[PDB]
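> After the structure tokens below, expect a handful of questions from me.
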Amino acid sequence: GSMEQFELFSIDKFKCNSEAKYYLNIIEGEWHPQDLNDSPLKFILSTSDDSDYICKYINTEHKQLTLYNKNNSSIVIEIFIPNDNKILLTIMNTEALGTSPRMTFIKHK
């Protein structure tokens with residue numbers, strides 16, 4: 001549909017359990033250096049003037065975190081932040097659909 005145009009996300013910093021180094025080093029900032037109309041994927045941790053994502057829990061599967069947005073209804077997103085240019089995005093809803101798009105984008109290209 002549409003989504004790749006100014007993707008600004010913010011965690012509540014609810015505590016979480018794992019994710020830190022590779023998380024901050026790779027997700028905590030923006031994917032692609034402006035390689036789509038200066039509108040990439042930029043996420044921050046805590047504060048952010050008014051945060052909206054609730055840090056659910058960590059997945060020891062492929063070093064990833066699953067979070068839900070309280071500014072909609074029940075939006076659970078599962079994303080993996082490794083390194084060596086790689087990330088995956090998934091969207092689901094606890095009271096609706098999901099498990100359809102999945103965007104696997106690398107840190108350059």
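As shown in the structure tokens, the chain order sets the letters A, B, ...; within each chain, residues go from 1, and ligands are also counted from 1 in the order they appear.
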As an NGL selection string, which residues of chain A does DSSP assign to strand (DSSP E or B)?
:A and (7-11 or 28-31 or 41-45 or 53-59 or 64-69 or 75-80 or 87-93 or 98 or 103-105)
> Write out as a count of residues only which residues come within 10 Å of residue A:6 when counting only C-alpha atoms, dropping same-chain ones fewer than 3 positions away.
9
> List the neighbours of residue A:107 out to 8 Å using only C-alpha atoms; skip same-chain residues closer than 4 positions along the sequence, and give me the result as a JSON list (two decimals) with C-alpha atoms, in the first residue's frame.

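This went into around36.json:
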[["chain", "number", "residue", "atom", "x", "y", "z"],
["A", 31, "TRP", "CA", 17.59, 3.22, 8.26],
["A", 32, "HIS", "CA", 19.02, 4.49, 4.95],
["A", 84, "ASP", "CA", 25.84, -6.22, 9.04],
["A", 85, "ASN", "CA", 23.06, -4.21, 7.28],
["A", 86, "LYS", "CA", 19.74, -6.02, 8.14],
["A", 87, "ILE", "CA", 16.29, -5.32, 9.72]]
> Please identify all polymer residues within 10 Å of stretch 63-75 of chain A, counting only C-alpha atoms, omitting same-chain residues fewer than 2 positions from it, and present them as a PyMOL selection string.
chain A and resi 9-12+16-19+22-23+51-61+77-82+87-88+90-98
> Any chance you can output those residues with N, CA, C and O atoms as a compact mmCIF listing (two decimals), in the first residue's frame?

# COMPACT_ATOMS: atom_id res chain seq x y z
N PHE A 9 9.24 6.64 15.06
CA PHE A 9 8.79 5.78 16.17
C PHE A 9 9.53 6.05 17.49
O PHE A 9 10.69 6.48 17.51
N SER A 10 8.82 5.82 18.59
CA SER A 10 9.33 6.15 19.94
C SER A 10 8.88 5.13 21.00
O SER A 10 7.68 4.93 21.20
N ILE A 11 9.85 4.50 21.66
CA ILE A 11 9.55 3.58 22.77
C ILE A 11 9.31 4.36 24.08
O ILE A 11 10.03 5.30 24.41
N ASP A 12 8.37 3.86 24.87
CA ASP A 12 8.08 4.38 26.22
C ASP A 12 9.23 4.21 27.23
O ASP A 12 9.33 4.98 28.18
N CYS A 16 11.78 -3.04 29.53
CA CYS A 16 12.20 -4.14 28.62
C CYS A 16 13.02 -5.20 29.40
O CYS A 16 12.99 -5.21 30.64
N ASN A 17 13.76 -6.06 28.71
CA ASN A 17 14.56 -7.14 29.36
C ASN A 17 15.96 -7.32 28.75
O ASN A 17 16.95 -7.39 29.47
N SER A 18 16.00 -7.57 27.44
CA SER A 18 17.23 -7.49 26.64
C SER A 18 17.09 -6.32 25.64
O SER A 18 16.16 -5.52 25.77
N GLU A 19 17.86 -6.36 24.55
CA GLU A 19 18.08 -5.23 23.62
C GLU A 19 18.72 -4.03 24.33
O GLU A 19 18.22 -3.51 25.32
N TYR A 22 23.52 -3.49 20.14
CA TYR A 22 23.03 -3.66 18.76
C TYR A 22 21.69 -2.94 18.45
O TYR A 22 21.55 -2.33 17.40
N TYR A 23 20.82 -2.86 19.45
CA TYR A 23 19.54 -2.14 19.36
C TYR A 23 19.79 -0.64 19.13
O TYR A 23 19.66 -0.18 18.00
N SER A 51 6.05 9.70 24.45
CA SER A 51 6.17 8.33 23.89
C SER A 51 4.84 7.54 23.89
O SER A 51 3.87 7.91 24.55
N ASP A 52 4.74 6.61 22.93
CA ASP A 52 3.50 5.84 22.69
C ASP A 52 3.57 4.30 22.58
O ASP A 52 2.53 3.63 22.59
N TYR A 53 4.74 3.78 22.18
CA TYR A 53 5.00 2.33 22.17
C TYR A 53 5.31 1.75 23.56
O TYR A 53 6.32 2.11 24.17
N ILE A 54 4.57 0.71 23.90
CA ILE A 54 4.78 -0.03 25.16
C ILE A 54 5.61 -1.28 24.83
O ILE A 54 5.25 -2.08 23.96
N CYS A 55 6.79 -1.30 25.44
CA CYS A 55 7.76 -2.41 25.34
C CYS A 55 7.19 -3.65 26.03
O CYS A 55 7.12 -3.70 27.26
N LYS A 56 6.61 -4.53 25.21
CA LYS A 56 6.00 -5.79 25.69
C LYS A 56 7.05 -6.72 26.30
O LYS A 56 7.20 -6.78 27.52
N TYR A 57 7.84 -7.36 25.43
CA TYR A 57 8.89 -8.31 25.82
C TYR A 57 9.80 -8.65 24.63
O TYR A 57 9.54 -8.30 23.48
N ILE A 58 10.91 -9.27 25.00
CA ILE A 58 12.00 -9.62 24.07
C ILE A 58 11.79 -11.04 23.51
O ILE A 58 11.29 -11.94 24.19
N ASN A 59 12.23 -11.23 22.28
CA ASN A 59 12.26 -12.56 21.64
C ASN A 59 13.70 -13.02 21.35
O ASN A 59 14.35 -12.57 20.40
N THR A 60 14.13 -13.95 22.18
CA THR A 60 15.41 -14.70 22.07
C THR A 60 15.48 -15.62 20.82
O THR A 60 16.39 -16.42 20.69
N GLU A 61 14.56 -15.42 19.88
CA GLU A 61 14.48 -16.13 18.59
C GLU A 61 15.61 -15.61 17.67
O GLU A 61 16.65 -16.25 17.55
N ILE A 77 3.90 -4.86 17.00
CA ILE A 77 4.98 -4.88 15.99
C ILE A 77 6.17 -5.68 16.54
O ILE A 77 6.62 -5.49 17.67
N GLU A 78 6.65 -6.54 15.65
CA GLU A 78 7.79 -7.44 15.91
C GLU A 78 8.87 -7.14 14.86
O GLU A 78 8.59 -7.09 13.66
N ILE A 79 9.97 -6.62 15.39
CA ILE A 79 11.13 -6.17 14.57
C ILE A 79 12.47 -6.72 15.08
O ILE A 79 12.75 -6.69 16.28
N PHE A 80 13.31 -7.09 14.11
CA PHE A 80 14.68 -7.55 14.40
C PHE A 80 15.73 -6.57 13.89
O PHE A 80 15.83 -6.28 12.70
N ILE A 81 16.63 -6.31 14.84
CA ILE A 81 17.74 -5.34 14.77
C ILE A 81 19.03 -6.14 15.03
O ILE A 81 19.32 -6.42 16.19
N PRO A 82 19.66 -6.72 13.99
CA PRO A 82 20.97 -7.38 14.16
C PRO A 82 22.14 -6.39 14.01
O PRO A 82 22.42 -5.62 14.93
N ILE A 87 17.47 -5.46 8.82
CA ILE A 87 16.29 -5.32 9.72
C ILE A 87 15.01 -5.81 9.02
O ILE A 87 14.84 -5.66 7.81
N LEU A 88 14.13 -6.38 9.84
CA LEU A 88 12.76 -6.77 9.43
C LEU A 88 11.67 -6.12 10.29
O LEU A 88 11.82 -6.01 11.51
N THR A 90 7.46 -6.13 11.04
CA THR A 90 6.13 -6.81 11.02
C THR A 90 5.09 -5.99 11.81
O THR A 90 5.36 -5.62 12.95
N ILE A 91 3.88 -5.92 11.25
CA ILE A 91 2.72 -5.28 11.90
C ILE A 91 1.56 -6.29 12.08
O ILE A 91 1.33 -7.14 11.22
N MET A 92 1.04 -6.30 13.30
CA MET A 92 -0.15 -7.07 13.73
C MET A 92 -1.00 -6.27 14.74
O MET A 92 -0.56 -5.24 15.26
N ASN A 93 -2.25 -6.68 14.91
CA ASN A 93 -3.17 -6.09 15.90
C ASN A 93 -3.89 -7.18 16.72
O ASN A 93 -4.60 -8.01 16.17
N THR A 94 -3.81 -7.02 18.04
CA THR A 94 -4.43 -7.91 19.06
C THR A 94 -5.97 -8.00 18.92
O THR A 94 -6.60 -8.89 19.50
N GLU A 95 -6.57 -6.99 18.31
CA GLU A 95 -8.02 -6.95 18.00
C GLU A 95 -8.36 -6.79 16.50
O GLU A 95 -9.46 -6.34 16.16
N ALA A 96 -7.47 -7.26 15.62
CA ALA A 96 -7.63 -7.16 14.15
C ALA A 96 -6.64 -8.09 13.41
O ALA A 96 -6.31 -9.16 13.91
N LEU A 97 -6.22 -7.71 12.20
CA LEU A 97 -5.33 -8.51 11.34
C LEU A 97 -3.83 -8.19 11.54
O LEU A 97 -3.45 -7.43 12.43
N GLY A 98 -3.01 -8.84 10.71
CA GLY A 98 -1.55 -8.65 10.67
C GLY A 98 -0.93 -9.68 9.71
O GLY A 98 -1.56 -10.04 8.72
> Please measure the separation of atom CA of residue A:102 and atom CA of residue A:24, giving the value in Å to one decimal.
21.5 Å
> From the set A:101, A:62, A:5, A:21, which residue has the shortest atom-to-atom contact distance to residue A:35, counting only C-alpha atoms?
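So, comparing all the options, the nearest one is A:5.
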